[PDB]
Amino acid sequence: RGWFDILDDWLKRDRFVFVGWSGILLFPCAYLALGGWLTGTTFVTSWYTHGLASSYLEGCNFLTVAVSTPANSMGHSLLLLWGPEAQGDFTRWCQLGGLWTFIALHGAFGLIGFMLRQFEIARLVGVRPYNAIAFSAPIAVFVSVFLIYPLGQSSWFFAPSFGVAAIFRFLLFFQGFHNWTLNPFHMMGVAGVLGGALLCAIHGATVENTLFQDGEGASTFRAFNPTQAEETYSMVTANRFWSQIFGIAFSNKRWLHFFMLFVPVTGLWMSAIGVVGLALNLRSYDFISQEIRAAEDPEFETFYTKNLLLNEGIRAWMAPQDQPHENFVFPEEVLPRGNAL
Amino acid sequence: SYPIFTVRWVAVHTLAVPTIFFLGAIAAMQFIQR
Amino acid sequence: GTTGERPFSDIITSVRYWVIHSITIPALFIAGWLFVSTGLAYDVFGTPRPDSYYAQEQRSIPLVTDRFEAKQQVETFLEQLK
Amino acid sequence: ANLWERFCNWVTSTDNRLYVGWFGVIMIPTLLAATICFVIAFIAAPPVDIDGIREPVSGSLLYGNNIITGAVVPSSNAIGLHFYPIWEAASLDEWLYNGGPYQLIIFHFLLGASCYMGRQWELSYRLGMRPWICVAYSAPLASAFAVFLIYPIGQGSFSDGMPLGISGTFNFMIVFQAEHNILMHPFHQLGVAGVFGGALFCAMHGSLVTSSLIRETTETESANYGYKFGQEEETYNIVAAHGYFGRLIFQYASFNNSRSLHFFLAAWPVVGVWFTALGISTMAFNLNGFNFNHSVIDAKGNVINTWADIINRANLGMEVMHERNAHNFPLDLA
Amino acid sequence: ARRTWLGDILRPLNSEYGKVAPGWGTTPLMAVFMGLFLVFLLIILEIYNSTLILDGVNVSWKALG
Amino acid sequence: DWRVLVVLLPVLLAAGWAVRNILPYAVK
Amino acid sequence: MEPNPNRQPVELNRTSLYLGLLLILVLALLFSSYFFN
Amino acid sequence: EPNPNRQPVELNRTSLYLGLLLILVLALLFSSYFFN
Amino acid sequence: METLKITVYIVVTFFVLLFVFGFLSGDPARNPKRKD
Amino acid sequence: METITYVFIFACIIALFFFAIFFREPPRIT
Amino acid sequence: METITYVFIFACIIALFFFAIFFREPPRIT
Amino acid sequence: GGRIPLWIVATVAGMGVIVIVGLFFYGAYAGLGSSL
Amino acid sequence: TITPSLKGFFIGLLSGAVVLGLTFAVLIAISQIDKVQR
Amino acid sequence: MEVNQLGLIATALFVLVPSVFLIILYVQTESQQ
Amino acid sequence: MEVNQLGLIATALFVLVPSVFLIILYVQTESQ
Ligand code: CLA
Ligand code: CLA
Ligand code: CLA
Ligand SMILES: C=Cc1c(C)c2cc3nc(c4c5[nH]c(cc6nc(cc1[nH]2)C(C)=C6CC)c(C)c5C(=O)[C@@H]4C(=O)OC)[C@@H](CCC(=O)OC/C=C(\C)CCC[C@H](C)CCC[C@H](C)CCCC(C)C)[C@@H]3C
Ligand SMILES: CC(C)=CCC/C(C)=C/CC/C(C)=C/CC/C(C)=C/CC/C(C)=C\CC/C(C)=C/CC/C(C)=C/CC/C(C)=C/CC/C(C)=C/CC1=CC(=O)C(C)=C(C)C1=O
Ligand SMILES: CC1=C(/C=C/C(C)=C/C=C/C(C)=C/C=C/C=C(C)/C=C/C=C(C)/C=C/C2=C(C)CCCC2(C)C)C(C)(C)CCC1
Ligand SMILES: CCCCCCCCCCCCCCCCCC(=O)O
Ligand code: OEX
Ligand SMILES: [Cl-]
Ligand SMILES: [Cl-]
Ligand SMILES: [Fe+2]
């Protein structure tokens with residue numbers, strides 16, 4: 001027995017928490033990403049990068065704490081602890097935004113580790129690797145939003161900050177600056193997410209209301225046996241119901257469960273593509289035909305033009321505080337405002 | 001017999017130990033005044 | 001059904017478990033308390049205290065604006081409060 | 001042999017390609033009326049004075065819209081919550097200007113969708129099924145009531161109901177955020193958890209069942225042909241699925257009971273969407289998301305901004321621009 | 001199968017399907033080269049990133065003269 | 001500085017306490 | 001020279017036809033506004 | 001209830017070729033007039 | 001407009017009565033197991 | 001021309017619904 | 001666009017010639 | 001080995017969470033983050 | 001011409017090697033003591 | 001409205017070319033039996 | 001050249017529709 005094979009043996013022992021070779025990458029990176037977020041949201045400010053308080057220590061609550069992005073002046077610096085910006089000073093590293101890159105990069109390698117773990121366990125147990133494949137969607141979203149998007153922009157400053165409210169701000173930024181709701185790739189993402197939740201609900205309800213009476217109890221959970229070969233619910237009755245209610249129904253259980261994989265995974269992949277475009281400000285911002293008409297015809301009004309006015313409000317009213325490095329000074333008289341408000 | 005110290009034991013304490021510490025620190029914060 | 005570790009429900013109802021953890025849990029809580037009550041948390045992480053966000057006659061944010069001098073800018077700003 | 005009882009037998013027949021049923025007797029005419037009016041208005045309705053300020057908004061394709069910008073526009077703020085059927089207008093021209101079709105469509109639709117839910121109960125009873133699929137559909141149904149009926153009732157006007165259009169929807173969302181800070185409202189946060197979690201568990205369940213299909217086919221044919229409609233044997237090995245998922249996390253975080261599993265699949269998104277529908281329905285009465293605006297101040301009293309104050313700046317820009325001609329007084333109280 | 005003059009000349013280059021060196025063979029040497037290449041790519045990345053700053057290496061357009 | 005031992009003392013003492021109470025079975 | 005043994009027939013069932021047509025038509029319905037712009 | 005009058009339909013390869021040539025040449029002829 | 005109003009009133013009354021009388025026509029018995 | 005295109009595609013989708021429901025491949029047991 | 005269209009159609013015809021000659025259905029005696 | 005009943009472990013642990021969480025909501029109204 | 005940042009690069013490089021070498025030293029040790037019996 | 005005139009042929013081919021592909025495959029499936 | 005813009009779609013459809021018809025018929029002839 002060679003040393004490599006003995007380490008393999010140990011890594012792959014059946015224990016309460018399986019380790020694997022993938023564990024060597026996953027477990028440190030996941031725990032560090034998670035610990036960095038808890039550490040930063042509990043103790044670390046965003047005063048010097050953002051002009052914001054962002055920790056429990058400072059008075060924030062669970063909704064407003066964040067690990068915020070580094071200052072725009074850092075560009076796309078890796079912001080290594082030992083790098084030229086922090087120069088090994090942990091305190092300054094925290095104050096400059098180093099925990100952001102720390103979490104994002106450890107988080108990325110942790111995500112790789114997790115998908116490798118899905119591959120590793122699937123190979124050991126003898127199943128097909130479709131759960132790993134499905135997980136590619138969360139990966140694509142993470143890299144496109146947290147990494148590719150800021151890399152096309154001026155700096156990590158414009159990536160999402162890791163916090164509840166900070167992400168809310170990210171949503172609103174994308175509306176006002178990118179008109180992201182108008183983007184067909186986001187729309188396909190919305191359909192895959194909302195379609196997935198629909199499939200989840202309708203499949204679970206269907207199964208639960210087409211059960212075979214396999215026991216005498218009023219609690220029907222007891223009448224299932226994980227080793228029984230029989231289907232626990234009637235595909236035939238399910239199919240009849242939905243055919244008569246909705247017009248069409250599933251008839252093939254394999255297609256049904258593949259479709260459940262397909263819909264949300266595809267939707268997430270589509271949204272990631274749109275965000276790659278927004279990395280370059282390659283937006284679906286306008287319809288040219290609408291703008292030509294509206295410039296010429298002051299009586300022409302649509303929900304599209306109404307929403308651009310809202311975007312314009314968002315940009316002028318949030319930019320000075322949201323982008324402090326720009327030193328925007330907008331006197332009262334230049335702020336867009338409707339009547340009275 | 002059952003072993004005391006396991007990989008499981010480590011994973012549990014890797015999380016539980018700092019959780020309680022953080023909880024104490026966040027408790028103290030509720031009495032900070034400006 | 002089991003991988004040989006000791007059942008959790010057996011552990012947390014055990015006398016020995018609570019002999020140890022009735023010490024270790026409050027001790028950790030108190031350690032974290034003191035980390036804050038002593039002011040150490042502020043100094044480790046560089047987080048401003050309520051009196052240290054601004055200088056007395058100052059409503060400008062001490063925003064880092066250089067990449068390679070950033071460390072010195074923060075230090076310059078902190079000395080403007082001593 | 002009696003005419004009424006034969007009609008009753010056809011209405012409730014389980015042999016009709018589409019089930020009719022007593023709920024269907026109401027659903028079919030009301031959905032057809034809503035559908036036909038909707039299609040015609042979307043294509044050809046003239047511009048509608050949504051905000052009652054004689055500033056008509058063009059919603060239809062023939063008046064310069066595309067599929068993304070087009071909408072059936074809500075009825076005039078001048079009408080408020082007044083019932084505006086056709087026969088109350090002096091002319092169809094008037095009815096179209098003031099947004100009549102919106103009312104016709106949403107009332108017929110909400111009635112028809114309600115009956116759709118009852119119809120789901122009804123056929124389950126005729127088929128000897130358990131009855132609660134209709135309870136799953138009450139979550140989307142409740143959400144449509146919230147944006148088409150409850151929110152207008154609370155704000156006093158169908159002009160603040162959700163427009164029937166893609167860009168109109170986004171307009172409704174943005175205004176809602178400025179006036180209610182819905183993102184900072186826990187019931188919407190639960191909606192996101194219901195919908196993100198629903199999509200997660202959809203993919204999880206689909207991938208775990210797909211991962212454990214039993215080999216029944218060759219590499220040259222779709223694996224789906226390994227399942228035959230109505231076969232008695234399960235088509236995947238749930239013990240292998242559990243053996244994988246329990247090791248991916250740990251044993252007791254994985255279901256081995258398919259009934260509990262599918263009940264969980266049903267319950268998570270339904271309950272999340274109930275909450276988000278209740279979110280809209282209670283923000284209808286202006287019980288709004290958390291307000292942490294200027295909650296953090298320093299020893300001297302300077303405001304120390306948090307991410308919540310940045311949200312607020314965005315909300316302000318939405319507030320001051322929306323319906324830019326419609327406010328004469330300084331507070332937008334509805 | 002069809003023989004051709006060109007096929008007869010190339011034949012030996014497609015004649016050892018499945019032939020392996022025993023055990024680990026050159027795997028330890030491969031690992032060394034992989035590690036060197038990782039450090040080398042790290043360097044190149046961190047130069048581009050301006051995390052590694054070297055004398056006479058101006059990472060700017062202004063290095064075109 | 002001094003605050004660091006104030007913080008670390010309950011930890012070490014708790015660690016010591018568990019060491020004493022468990023040493024016999026850890027041996028096995 | 002013998003005929004090629006690797007040839008296989010290809011299939012698309014009616015349900016796949018309906019699913020694929022719906023996908024294409026809905027995609028067209030979605031993107032056409034952006035193509036006309 | 002199967003209908004007995006149904007018949008399979010055929011287009012042989014030569015007819016494909018002739019038909020495709022007809023359509024292409026017709027398009028080559030008329031396209032100038034379509035562009036005008 | 002009054003002709004329209006009358007027509008709709010009549011159409012709605014008719015459907016609603018179908019609904020009420022249909023469900024009063026022994027609906028519990030219209031299932032596949034016990035009819036009582 | 002754009003209006004015609006939008007309504008044409010929409011109409012094709014409605015027609016597809018008809019075929020998919022009434023001219024589906026019939027599900028057949030075992 | 002019109003030049004591209006004319007050349008495209010002509011190029012398809014040349015391709016058709018290739019298939020019509022070399023991938024014809026072979027005439028067989030019988 | 002099984003000395004302390006688990007329902008008692010659960011009640012005391014449960015109450016302990018109610019306490020810490022309550023403290024955190026109290027602190028929303030006092031001191032830092034209270035708006036005062 | 002060995003600048004501060006090149007020095008930091010080497011610091012990061014050694015730190016990483018220590019972390020991975022220490023980790024693998026420990027995993028090899030444990031695996032050798034606690035073998036699977038076949 | 002001043003739309004991109006090439007949007008028509010773009011849309012027409014976007015519908016036509018994939019649809020025809022599927023019809024071709026479906027009809028030759030049916031005639032196999 | 002100021003040609004008719006509808007000329008392009010007329011020509012494209014003139015070629016595509018009839019050609020697709022023939023291809024559909026030919027392929028399903030081959031598979032029986
Ligand atoms: C799976 C483990 C893992 C992985 C993948 C990472 C990955 C990363 N970490 Mg994390 N880290 C880990 C574990 C890990 N870490 C652990 C356990 C800790 C706690 C100590 C940390 C603490 C930590 C900190 C504090 C920081 C990182 C940082 C980083 C990043 C830069 C790493 C780098 O430049 O390496 C460089 C080094 C290597 C790639 C090693 C290569 C090995 C070489 C080839 C061999 C050397 C030969 C030797 C010297 C010759 C011997 C001769 C002798 C006789 C002298 C990257 C995202 C930084 C970061 O996140 O930036 C924001 C950062 O500041 N890590
Ligand atoms: C109907 C409403 C609706 C719906 C359903 C969606 C749906 C979506 N949006 Mg859109 N959005 C909407 C409205 C909506 N949006 C509106 C009105 C706006 C304003 C313009 C936006 C603005 C917006 C932005 C700005 C972005 C989206 C994005 C997304 C996608 C998120 C994918 C995902 O799950 O990311 C969640 C994240 C992941 C899956 C990443 C990996 C996560 C790992 C696995 C986490 C592991 C966690 C760890 C183990 C545990 C942590 C513990 C700790 C919490 C305690 C999805 C397609 C994102 C997108 O398109 O991305 C490509 C995006 O960036 N939306
Ligand atoms: C990633 C970001 C994100 C995410 C994931 C979400 C997610 C969600 N939001 Mg939030 N939102 C966001 C960002 C986000 N939002 C932002 C940035 C803003 C501010 C700009 C808002 C503002 C906002 C508002 C104002 C509202 C939401 C609502 C919702 C929900 C929409 C889904 C729904 O209502 O299903 C419920 C299901 C339905 C609505 C479907 C009803 C279906 C009916 C019954 C039948 C339809 C039949 C149909 C016409 C015909 C089919 C024909 C057949 C042939 C196919 C969901 C929980 C909505 C909500 O909570 O609604 C209650 C809501 O009103 N959001
Ligand atoms: C916000 C939404 C969202 C979250 C929170 C989430 C979370 C998760 N999904 C997982 C899995 C999945 N997700 C899937 C599909 C999807 N997932 C989706 C959306 C999400 N998925 C959607 C919409 C889909 C549909 C396609 C699949 C198919 C799977 C799985 O198989 C897997 C699983 O087992 O689920 C049961 C788990 C992976 C665990 C892991 O990587 O551990 C290791 C932990 C690591 C590597 C740490 C990551 C650190 C991250 C990247 C950065 C730092 C994050 C901070 C700590 C917290 C920030 C919080 C603020 C932003 C508020 C985890 C519970
Ligand atoms: C510098 C100095 C010296 C410092 C040194 C510091 C130091 C010590 C650092 C090194 C640290 C070190 C030792 C590292 C190791 C530590 C370690 C082990 C860390 C712990 C790791 C950790 C942080 C990360 C893990 C967290 C995590 C990812 C948790 C996620 C859990 C989660 C949300 C679970 C969901 C489970 C759930 C029930 C989902 C249901 C989904 C669903 C319905 C599935 C469908 C489904 C399910 C089935 O079940 C079956 C059957 C079928 C059919 C089916 O459809
Ligand atoms: C970063 C860093 C690092 C690391 C660190 C770590 C790793 C940490 C960790 C940390 C941690 C690990 C933490 C923890 C915390 C926790 C917490 C803080 C919790 C809380 C919770 C709560 C609050 C909850 C509550 C609740 C609710 C709400 C409901 C239900 C119930 C309960 C109770 C759950 C180092 C050193 C390397 C260096 C560099 C930097
Ligand atoms: C791949 C695994 C990588 C592991 C990385 C662990 C990193 C621990 C390094 C902490 C050392 C910081 C020392 C700072 C000294 C910098 C001096 C200088 O910048 O010139
Ligand atoms: O209409 Mn629609 O939107 Ca509910 O607030 Mn007032 O009003 Mn109007 O303003 Mn803001
Ligand atoms: Cl508006
Ligand atoms: Cl007013
Ligand atoms: Fe299922």
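Order of appearance sets the numbers: ligands from 1, and atoms from 1 within every ligand. The figures that follow rest on heavy atoms only: side chains count, while hydrogens, waters and symmetry mates do not. Chain identifiers are assigned alphabetically (A, B, ...) following the order of the sequence lines, protein sequences preceding nucleic acid strands; residue numbering begins at 1 within each chain.
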Proximal ligand 1 atoms for A:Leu80, defined as those under 4.0 Å from one of its heavy atoms | 61 (O)
List every atom of ligand 1 that sits less than 4.0 Å from any heavy atom of M:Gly12, numbering the atoms from 1 in the order shown and giving each element.
-> 36 (C), 37 (C)
Is any heavy atom of the protein nearer than 4.0 Å to atom 58 (C) of ligand 1?
-> yes
Does atom 24 (C) of ligand 1 have any protein heavy atom closer than 4.0 Å?
-> yes
Validation row, ring centre B:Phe22 to ring centre A:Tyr56 under 6.0 Å = no
Would you say A:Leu81 has any N or O atom under 3.5 Å from an N or O of ligand 1, going by distance alone?
-> yes
For the rings on A:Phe162 and A:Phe146, is their centre-to-centre separation under 6.0 Å?
-> yes
If you count the atoms of ligand 1 from 1 in the order shown, which ones are under 4.0 Å from a heavy atom of A:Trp93?
-> 64 (O)
Using a distance threshold of 4.0 Å (strictly less than), state whether atom 36 (C) of ligand 1 has a protein heavy-atom neighbour.
-> yes
Check whether any side-chain N or O of D:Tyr244 sits under 3.5 Å from a backbone N or O of A:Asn131 as a donor-acceptor pair, and report yes or no.
-> no
Under 4.0 Å to a heavy atom of M:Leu14 - the qualifying atoms of ligand 1, by number = 49 (C)
Heavy atoms, side chains only, cut-off 4.5 Å: are A:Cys60 and D:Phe292 in contact?
-> no
Any protein N or O within less than 3.5 Å of an N or O in ligand 7? List each pair with its distance, or say none.
| from | atom 1 | to | atom 2 | distance (Å) |
| --- | --- | --- | --- | --- |
| ligand 7 | 19 (O) | A:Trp82 | O | 3.1 |

Can you find a protein heavy atom under 4.0 Å from atom 53 (C) of ligand 1?
-> no
Set of residues satisfying salt bridge (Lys or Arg N to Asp or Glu O under 4.0 Å) with respect to A:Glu85, sequence neighbours excluded = C:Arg67
Are A:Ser161 and A:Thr69 close enough that some pair of their side-chain heavy atoms sits under 4.5 Å apart?
-> yes
Which segment of E:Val39 sits under 4.0 Å of ligand 1 when only heavy atoms are counted | side chain
So CZ of C:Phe45 and OG1 of A:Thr42: to nearest 0.5 Å the spacing works out to 8.5 Å
Protein non-hydrogen atom below 4.0 angstrom of atom 18 (C) of ligand 1 present = yes
Total protein N/O/S atoms sitting under 2.8 Å from atom 10 (Mg) of ligand 1, waters ignored, is 1
What do you think, any protein heavy atom under 4.0 angstrom from atom 10 (Mg) of ligand 1?
-> yes
Show me the short polar-atom pairs for ligand 4: any N or O of it lying under 3.5 Å from a protein N or O, with distances only.
| from | atom 1 | to | atom 2 | distance (Å) |
| --- | --- | --- | --- | --- |
| ligand 4 | 31 (O) | A:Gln118 | NE2 | 3.1 |
| ligand 4 | 31 (O) | A:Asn131 | ND2 | 2.9 |

Output yes when a side-chain donor or acceptor of A:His106 lies under 3.5 Å from a complementary backbone atom of A:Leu34, and no otherwise.
-> no
Can you find a non-hydrogen atom of E:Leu42 under 4.0 Å from ligand 1?
-> yes
Can you list the atoms of ligand 1 that are under 4.0 Å from a heavy atom of A:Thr101?
-> 62 (C)
Distance-only donor-acceptor check, side chains A:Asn72 and A:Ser155, under 3.5 Å = yes
For the pair M:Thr3 (side chain) and E:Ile53 (backbone), establish whether a donor and an acceptor sit closer than 3.5 Å, ignoring hydrogens and angles.
-> yes
Side-chain touch A:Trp93/A:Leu99, heavy atoms, less than 4.5 angstrom = yes
Taking only heavy atoms of A:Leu78 into account, list the atoms of ligand 1 that are under 4.0 Å away from them.
-> 62 (C)
Tell me whether the guanidinium CZ or amine NZ of A:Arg254 lies under 6.0 angstrom from the six-membered ring centre of A:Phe258 and within 45° of its axis.
-> no
Ignoring hydrogens, tell whether any protein atom lies closer than 4.0 Å to atom 50 (C) of ligand 1; use the non-hydrogen atoms only.
-> no
Would a 4.0 Å cut-off, counted as strictly less than, catch a protein heavy atom around atom 47 (C) of ligand 1?
-> no
Are side-chain N/O atoms of D:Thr210 and A:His257 paired as donor and acceptor at under 3.5 Å?
-> no
With heavy atoms of A:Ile24 as the reference, note each atom of ligand 1 found under 4.0 Å away.
-> 1 (C)
Taking C-beta and beyond as the side chain, do A:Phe27 and A:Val17 meet within less than 4.5 Å on heavy atoms?
-> yes
ring-ring contact (aromatic ring centres under 6.0 Å, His included), paired with A:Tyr149, selected from A:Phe173, A:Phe158, A:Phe174 = A:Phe174
Between A:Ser68 and A:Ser46, is any side-chain donor less than 3.5 angstrom from a side-chain acceptor?
-> yes
Within less than 4.0 angstrom of ligand 1, does A:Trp82 place any heavy atom?
-> yes
